[PDB]
Amino acid sequence: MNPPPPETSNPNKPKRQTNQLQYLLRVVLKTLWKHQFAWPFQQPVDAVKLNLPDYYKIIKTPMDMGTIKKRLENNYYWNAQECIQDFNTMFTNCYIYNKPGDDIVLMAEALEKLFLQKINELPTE
Ligand SMILES: CC(=O)Nc1ccc(-c2c(-c3nc4ccc(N5CCN(C)CC5)cc4[nH]3)[nH]c(C)c2C(C)=O)cc1
């Protein structure tokens, strides 16, 4: 069964627009989004549709690039590191729920390498 997806708006949360967060949306997120391995990560895992009744019994901090994109577009984040943590959470969830050599893990590994390549250098403030 599906829990509520992670929030993408929160009026009491303090927000900030930074050059680095703009970069995370304009180039980092949008480049990863077009990768041929991006499709499993563009939306919250639907455990009912995907027939994974144990997904959310295992994964307790779900995250996906669709949620990250909406957070960025809604200026949800305070700084780039908060956004980077969401990316890292998404990748780690994939490695936790699956196992080495799974097709989904191969995809996450390729995306994670591209992700780190893109954030290795960020713009300044
Ligand atoms: C038997 C088998 O392979 N089970 C299975 C089921 C689910 C997943 C799986 C998926 C996933 N599976 C999708 C199937 C469809 C879509 N679509 C919506 C996007 N749209 C362009 C195309 C359709 C998105 C998807 N994300 N994501 C993650 C993070 C997964 C895991 C387990 O970590 C991996 C394997």
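The figures that follow rest on heavy atoms only: side chains count, while hydrogens, waters and symmetry mates do not. Along the sequence shown, residues carry numbers from 1.
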Side chain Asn19, main chain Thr124, donor-acceptor under 3.5 Å: yes
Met63 and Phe91, any side-chain heavy atoms less than 4.5 Å apart: no
Residue list, salt bridge (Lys or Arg N to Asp or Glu O under 4.0 Å) with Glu82, at least two apart or on another chain: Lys13
Common cluster, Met90/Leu32, ILVMFWY with side-chain heavy-atom separation under 4.5 Å: yes
Any donor-acceptor N or O pair under 3.5 Å, side chains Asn75, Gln17: yes
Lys/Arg N to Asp/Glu carboxylate O, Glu73 vs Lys69, below 4.0 Å: yes
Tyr77 side chain reached by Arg71 side chain, heavy atoms, under 4.5 Å: yes
Beyond-backbone contact of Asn93 with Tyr55, side-chain heavy atoms, under 4.5 angstrom: yes
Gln81 atom CD: more than 12 heavy-atom contacts under 6.0 Å: no
Side chain proximity check, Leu106 to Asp102, heavy atoms < 4.5 angstrom: no
4.5 Å side-chain heavy-atom contact, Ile84 and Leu24: yes
Flag if over 12 foreign heavy atoms under 6.0 Å of CG, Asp103: no
Contact check, side chains of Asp86 and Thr67, non-hydrogen atoms, under 4.5 Å: no
Spatial distance of atom CE (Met65) from atom CH2 (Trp39) [nearest 0.5 Å]: 12.0 Å
hydrophobic_cluster_shared for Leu25 and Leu114, side chain cutoff 4.5 Å: yes
Contact check, side chains of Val105 and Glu109, non-hydrogen atoms, under 4.5 Å: yes
Straight-line distance of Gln20 CD to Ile119 CD1, nearest 0.5 Å: 10.0 Å
Minimum-distance pair of heavy atoms, taken over all atoms of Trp33 and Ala38: O-CB, 3.3 Å
Heavy-atom closest contact (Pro3 atom, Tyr56 atom, distance): CD-CD1, 3.3 Å
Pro53 backbone acceptor or donor facing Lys57 side chain under 3.5 Å: yes
Test log, rule side-chain hydrogen bond (donor to acceptor under 3.5 Å, both in side chains), inputs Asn120 and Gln117: CA-CA 5 Å; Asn120 179 273; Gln117 184 180 321; over 6 Å; no
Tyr23 versus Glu121, side-chain donor and acceptor atoms under 3.5 Å: no
Nearest-0.5 Å distance, NZ of residue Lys99 to CD1 of residue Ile104: 15.0 Å
Partner of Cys83 by side-chain contact (heavy atoms from CB on, under 4.5 Å), out of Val28, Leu29, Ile68: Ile68
Spacing of SG belonging to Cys94 relative to CD1 belonging to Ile59, to within rounding of 0.5 Å: 9.0 Å
Non-hydrogen side-chain atoms of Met107 and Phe41 separated by less than 4.5 Å: yes
For the student: nearest non-hydrogen atoms of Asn79 and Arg16, plus distance: CB-NH1, 3.9 Å
